[PDB]
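As they're listed, the protein sequences go chains Y and B. When you number the first sequence by the UniProt record's numbering, it's gap-free, plus one each residue, and the end is 117. When you number the second sequence by the UniProt record's numbering, it's gap-free, plus one each residue, and the end is 218. Structure, as structure tokens:
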Amino acid sequence: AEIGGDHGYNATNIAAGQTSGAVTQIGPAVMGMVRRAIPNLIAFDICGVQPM
Amino acid sequence: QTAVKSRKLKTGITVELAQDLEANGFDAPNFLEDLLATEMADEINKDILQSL
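Printed below as a string of structure tokens:
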């Protein structure tokens with residue numbers, strides 16, 4: 066009687082929302098965004114710093 | 167004089183369907199109870215109009 070079904074565990078299907086039962090999903094959620102960290106700088110005070 | 171008759175309907179779902187139905191926006195209990203009320207009222211028309 067109208068099983069919920071599930072995604073076929075295929076990244077192709079999961080993003081699009083293609084399901085197996087009824088009520089195909091609107092789409093995934095948004096858990097957030099991860100971006101690469103910013104490397105730190107070695108202070109230039111080791112060598113000469115002469116503003117021109 | 168005529169004895170009354172009966173019309174009965176039943177749908178049934180699964181908890182998994184109801185759980186993910188909420189995430190798509192639908193009010194899972196209220197939506198389903200609307201379905202039977204819509205179908206039963208609709209199925210009476212197919213009775214009354216065909217009775218005429």
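For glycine and all other residues, C-beta sits at the position ideal for the given N, C-alpha and C.
Do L202/B and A87/Y have their beta-carbon atoms positioned less than 8 Å apart in this structure? no
Does the beta carbon of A66/Y sit closer than 8 Å to a beta carbon anywhere in chain B? yes
Given this structure, state the Cα-to-Cα distance separating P104/Y from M96/Y, to the nearest angstrom. 25 Å
Exposure label - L218/B; buried when at least 16 CB within 10 Å: exposed
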